[PDB]
Amino acid sequence: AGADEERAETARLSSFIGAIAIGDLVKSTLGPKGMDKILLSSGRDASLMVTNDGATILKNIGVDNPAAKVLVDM
Amino acid sequence: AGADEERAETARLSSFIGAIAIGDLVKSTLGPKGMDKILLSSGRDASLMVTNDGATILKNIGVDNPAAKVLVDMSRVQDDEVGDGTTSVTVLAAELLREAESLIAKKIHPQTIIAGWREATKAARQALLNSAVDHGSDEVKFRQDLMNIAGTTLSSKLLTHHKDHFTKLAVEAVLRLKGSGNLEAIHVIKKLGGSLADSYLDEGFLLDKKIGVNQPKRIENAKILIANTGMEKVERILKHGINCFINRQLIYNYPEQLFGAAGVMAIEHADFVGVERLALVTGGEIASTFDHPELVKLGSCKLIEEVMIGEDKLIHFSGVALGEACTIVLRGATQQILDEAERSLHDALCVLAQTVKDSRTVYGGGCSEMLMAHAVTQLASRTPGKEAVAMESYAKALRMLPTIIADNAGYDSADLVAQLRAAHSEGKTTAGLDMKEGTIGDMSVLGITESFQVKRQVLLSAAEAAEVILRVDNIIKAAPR
Amino acid sequence: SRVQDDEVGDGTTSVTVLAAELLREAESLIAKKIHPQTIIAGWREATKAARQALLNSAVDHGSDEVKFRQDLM
Amino acid sequence: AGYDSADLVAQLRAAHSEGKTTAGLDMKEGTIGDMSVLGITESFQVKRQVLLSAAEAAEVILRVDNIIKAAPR
C-alpha cells in the first residue's frame, strides 16, 4: 500500500470522488436560505476568501492533482 | 478523506470553542480589578504587545483559522460611536453559543432558527425601553454631561478618588468631538508633574520635541511647514515669515544652525500620526521637495509656544482656525493611579462623546440586565413560532451578568441573584447591584449609568454574527494570540 | 527594612518574618470561594488592626527621666 | 530558647488574657515570667513603624495584578 495505482474500479473512482467532494460544499449555497463559505490557504494568499458564487471560487484554485479543474473551466 | 473533515456537530463546535476561548481572556479584564496580558507576533509584527483595552488588540490581528475576527471588527465602532467603559460586550456574545447544545435536541433545521436574528431587530427594539432609564441629554449640557457613566468606568478602576475629577473633564473633550468632520485627531498624554486637578485642557494639539538648546524660546503669528522628504531653505523662509517647521523623519544638521539665527523653531523626527492630524487642523499643505513653501502650503497663525507646565517644558500648538481637532494634557503626583490615567483617559474619550451624542443611557451596576431578563421571558411566549423558542433561550443568557458583577465584588453569587431579581421585577429601575454593599441598592445615588448605545450595539452585532455561524462549517479557536 | 533601620534600627531581625506568614492563610482563602481582590478590603480592616496595636497594649506607665530601676534591663 | 514551644503557647496566652500586661515570655526561665521584674519594655514607635512596614510589603503582590509574560512560540 501507499502508491498511486489505477486500474479497473479505481480509475473510474477518481472521477467519482472529484464529483462528490464538490457537491457537498455547493449544495448549501443554492436557494433563499443559501450559505456562503470561507476558504483559507497560507501559501501566498492574503487571508480567507469568501465566495457565495460557486463559479468564482472553483476558477480561482487548482488545489489538487485529481481531475476537476477542467470541469470547473467549462 | 480530504483533510479538514468535520461533522455537523463538530463544525458548530469550532464556532462554540471560539466564543469560550475569547471569553476567558477578556474575563480577567472586567470590572474592579482587571489584569493586563501580553501578545506575540513576528513578520508583519516583531515583538510582544500588551494592551489593557480588549477592543484594541482584537482589532489588530487575525491570528488563525478560527472565525471571530468579523465578530470582533464591529466592536471598534462600539468603541467610538459608544461602548467601551469596561469590556463585557464580547463575553455576552460568547454566552449565546452554550444554548446551541440544547438546540441539537431541537430536531429542526438550524438555518430556520437563524431567522431569530430577523427577530434580533424585534428584540433589540424590545431590549431597548424594557431597560427604561434615562429621559435625556440635550447636548453639551451644563450638569448632565458627566458625574455619571465615566465614573462607573472609573468605579471598576482603583484610581477613583482624584480620578473621578479627571473623568468629569472628559466631557469637555467629547463636546468638541460632535459635529461634521468624523472621529479624527484626538490625542492625549499623561505627565509626571503633580496638581490637585491633575489635568489641564488645551485648545490645540500638543507635542514634545525640541530643535536644540539654541533657538528663540517663543514664536508668534506662527506659520507651519511640513515635509514628506528629509532635510535655498533660508531664501524661501524669510519671505513667508515662517515661525515653525515640523518634519516627519530625520533632520539634517546644517539647517539647524540657520533656524537658530533666523528665529524659526523646527521639530526633529516628528511622528507621522501627529503630523497628519495637524494638517487637517492647520488647513493642510502639499508636502514634497523644498519648493513646498508659500501658497502650496497653508498655515494657521494663532499661537505656537513653549510653556512650562508646573515643571517640565512642552510645545502646545494651539488656536486652530478649523476648530475640528484638539488635545488633552494630564497631571498628577505619581503612583499606580497616575500612569493609570493613560489606562483610564483613553477609555474616557470614547464613553463621553457618545453619552452626549446618544442622549440616552441605562442604569449601571447590572440594573439594566435583570430588568431586561424579566421582560424578555414574556416576549418569547408572545411571538408566534420557533421565533418564540429561540427568543426564550436568549432571555436566560442575561442572567449570568448579575452573577459576574457580584462575583467581582467578593460577595456570594447565588444569594445575590435572588435579592437582585425581586427588586427589579418590583418596578424600580434605579435599584441595582451594589458591589460595595455586597447586596442590592440604589444605583442612582452612586451616579452610575451606562450609555444606552453600549447596550444596543453589542446586542445587534452578536445577532448578525450568529446568523452566519450556525450555517457554515470550517473554523475553531485558541485565544486572541 | 533599611528605611526602618535608619528611623530606629536593627533590634533583632523579626519584621521580615511577620510579613511572610500572612501569605500562608491564602490556602484557606480559596475556601471563602469568591473574588480575591475584595479580600484586599481586609487591608482596609487592617487600619482597625492598626488602632488595636495602639492604646490596648502596655505602653509605659513609667519613663519619667533617668529612672531608678527601669532605666534599662 | 531551646524550650518546648507547644507548652509555651498555652502558658503565654494564659498570663495575657488575665489582664496583667507585665507577664510575658522569659527564655532564661524556660516558661513564663514577670517581664517587669526583668524590666523589659519596647518603644512605642518601634511597634507603629513595624506595622506600617509589614502591611505595605504584603500589598506588592495584590496592588498590581500581573508582572511578566505569556506565549511567544
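Chain D goes by T-COMPLEX PROTEIN 1 SUBUNIT BETA in the PDB entry, where it is assigned to Bos taurus. This structure appears in the PDB under the title "Symmetry-free cryo-EM map of TRiC in the nucleotide-free (apo) state".

Under the PDB entry, the name given to chain A is T-COMPLEX PROTEIN 1 SUBUNIT BETA, and the organism recorded is Bos taurus.

1. Things to note about the overall build of chain D
Helices and strands together make up the secondary structure of chain D, namely three helices and two strands. Listing every helix and strand of chain D by position from the N terminus yields α-β-β-α-α. Taking 2.2 N^0.38 as the reference for a compact globule, 73 residues should give roughly 11 Å; the C-alpha atoms of chain D span a radius of gyration of 20 Å, well beyond that estimate. Here the C-alpha coordinates of chain D stretch approximately 65 × 30 × 20 Å along the principal axes. Per-residue burial for chain D yields a buried fraction of 16% across its 73 residues. Across chain D, every contact between residues at least 6 apart in sequence was considered, and the portion connecting residues at least 24 apart equals 18%.

2. A look at the sheet that holds strand β10 (residues 326-330) of chain B
Residues and elements named next belong to chain B. Pairing in this open sheet of three strands is mixed, and the strands run β3-β10-β4 from one edge to the other. The open sheet has two free edges, formed respectively by β3 (186-190) and β4 (199-202), since each of these has just one partner strand. Each neighbouring strand pair of the sheet contributes to a mean axis angle of 15°, computed without reference to strand direction. For β4 and β10, the ladder comprises four bridges, and the chain directions are antiparallel. Bridge assignment links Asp 202 to a residue of β10, and that residue is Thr 327.

3. Points about the sheet that holds strand β7 (residues 265-267) of chain B
Residues and elements named next belong to chain B. Judged by pairing direction, the sheet is parallel, and its three strands sit side by side in the order β5-β6-β7 without closing on themselves. Lying at the two open borders of the sheet, with one neighbouring strand each, are β5 (224-227) and β7. Adjacent strand axes in the sheet meet at a mean angle of 15° when their direction is disregarded. Both β5 and strand β6 (residues 244-247) contribute to a ladder of four bridges, which runs parallel. Within β6, the position partnered with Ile 224 by the bridge is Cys 244.

4. Quick look at the interface of chain D and chain B
Listed as interface residues are eight residues of chain D and, on the opposing side, nine residues of chain B. With both chains or domains summed, chain D and chain B bury close to 620 Å², and 59% of this area falls on carbon and sulfur atoms. Among the residues chain D hides against chain B, the three largest losses belong to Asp 65, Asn 66 and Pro 72 of chain D. Together they make up 59% of the total. Counting across the interface, chain D meets chain B through zero salt bridges. Connecting chain D to chain B are one residue pair in polar contact. Looking at the side of chain D that touches chain B residue by residue, the classes come out as four nonpolar, one polar and three charged.

5. Quick notes on the nonpolar core
Residue and element names in this part refer to chain B. Ranked by size, the top nonpolar core spans 31 residues in total, and within it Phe 245, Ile 246, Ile 304 and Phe 317 carry the most contacts. Mapped onto this core, the elements with two or more residues apiece are β5, β6, β7 and α12 (272-282). Broken down by element, the residue count for this core peaks at four residues, all from β5. In this view, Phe 245 contacts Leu 225, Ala 227, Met 231, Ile 251, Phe 259, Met 265, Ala 266, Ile 267 and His 292; residues no more than four positions away in its chain are not counted.

6. As for the side chain of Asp 434 of chain B
All names here are of chain B. Assignment of secondary structure puts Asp 434 in strand β12 (residues 431-434). Salt bridges are absent for the buried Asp 434, whose nearest opposite-charge side chain, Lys 436, sits at 6.5 Å. Not counting residues within four places of it along the chain, the set of residues in contact with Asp 434 comprises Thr 439, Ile 440, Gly 441 and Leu 446.

What counts, and at which threshold
Residues numbered from 1 in each chain as written, not as in the entry; some residues may be left out. Chains lettered and ligands numbered in written order. Part of a larger assembly, values for the part shown. Heavy atoms only, no water. Helix = DSSP H or I, 4+ residues; strand = E, 2+ residues; numbered from the N terminus. Rg over C-alpha atoms; globule rule 2.2 N^0.38 Å. Buried < 20%, exposed > 50% of the residue type's maximum accessible area, 1.4 Å probe, protein only. Contact = heavy atoms within 4.5 Å. Pairing = 2+ DSSP bridges. Axes fitted to C-alpha atoms, helices over the stretch in contact; angles between N-to-C directions. Buried area = accessible area lost by both parts, 1.4 Å probe. Salt bridge = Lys/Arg side-chain N within 4 Å of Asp/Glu carboxyl O. Polar contact = N/O pair within 3.5 Å; in protein donor to acceptor, adjacent residues only side chain to side chain. Nonpolar A, V, L, I, M, F, W, Y, C, P; charged D, E, K, R; others polar. Core = buried A, V, L, I, M, F, W, Y, C linked by side-chain atoms within 4.5 Å. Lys, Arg positive; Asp, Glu negative; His and termini not counted.

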